[PDB]
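So this first bit is one chain, no partners, the form deposited in one PDB entry, shown in structure tokens.
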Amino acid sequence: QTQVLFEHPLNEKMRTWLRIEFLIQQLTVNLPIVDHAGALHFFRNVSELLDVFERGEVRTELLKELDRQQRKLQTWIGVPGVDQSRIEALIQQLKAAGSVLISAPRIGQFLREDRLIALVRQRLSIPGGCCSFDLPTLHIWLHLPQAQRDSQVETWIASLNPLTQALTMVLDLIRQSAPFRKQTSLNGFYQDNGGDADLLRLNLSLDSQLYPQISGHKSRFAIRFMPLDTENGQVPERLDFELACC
């Protein structure tokens, strides 16, 4: 049968962390950059990556979250009587993940400074503005050799290993913190108390012409399952879904 995951942030920093995790993956979509399309896709996701670091301070809270997962993993270390080896190198994976970020360059500086990127990013604010005759540097850049762009791209993506990785760990260690408890929604409606929880990972069943519309006040969240167009396939119903509170 058909299945779909629905991640949703329960707080203001997971929102940011997921936004970025999405932005960083997009850099790597295919990566034979060849066409106008190719380059723009990249720089928009980079510029958008940059726009976040205009605010936020993504370095400090990742650090603090890594110490959290350590203090978590700490809890499990002594007893129970299963897994010691894996978890220790898993902690040492965080210690090195944590360590490397703070001493690394002011995150995003390389691409912020970059000349080719500098140009395209100011022209990403006009509709159809970033084009051939508008970005004469871009237009030639594409005409250069096939593996010249690939030498500038890798360095472009590689500059954010301090951020990419640190995050990549933290988020794996979140997504495993909560098992999938099988719920049921009355009247196409549901509430609970998230608690400390950062994320919801809502698994949706038979594709009911429905999707999770989540709201929340303080710690408590309210899921309401909306259908695709109001009077198109209206079946609010009693749903039998699966939801984990990471």
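A residue's number is simply how far along the shown sequence it sits, counting from 1. Rigid core here is just the name for the largest C-alpha set that superposes within 1.5 Å across the two forms.
Comparing 76-84 with 115-123, the higher mean C-alpha B-factor in the PDB entry belongs to 76-84. The deposited model assigns a higher average Cα B-factor to 227-235 than to the other stretch when 227-235 and 7-15 are compared. Based on the entry's C-alpha B-factors, the most elevated value among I214, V29, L62, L200 belongs to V29. The PDB entry assigns its highest CA temperature factor, among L66, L40, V46, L206, to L206.
Per-chain ranking of the deposited C-alpha B factor places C130 in the highest third. Sort the modelled residues of the chain by CA B factor and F189 lands in the highest third. Residue-level temperature factors show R220 in the middle third of its chain, judged at the C-alpha atom.
When the modelled residues of the chain are ordered by C-alpha B-factor, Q70 sits in the highest third. In the deposited entry, the Cα temperature factor of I174 places it in the lowest third of its chain's modelled residues.
There is another form of the same protein, the form deposited in another entry; it is not shown, and what comes next is about it.
The rigid-core alignment places the CA of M226 less than 2 Å apart between this form and the one not shown.
Comparing the forms between this form and the one not shown, the C-alpha position of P127 differs by less than 2 angstroms, with the core used for superposition. The Cα shift for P9 between this form and the one not shown, taken after rigid core superposition, is smaller than 2 angstroms.
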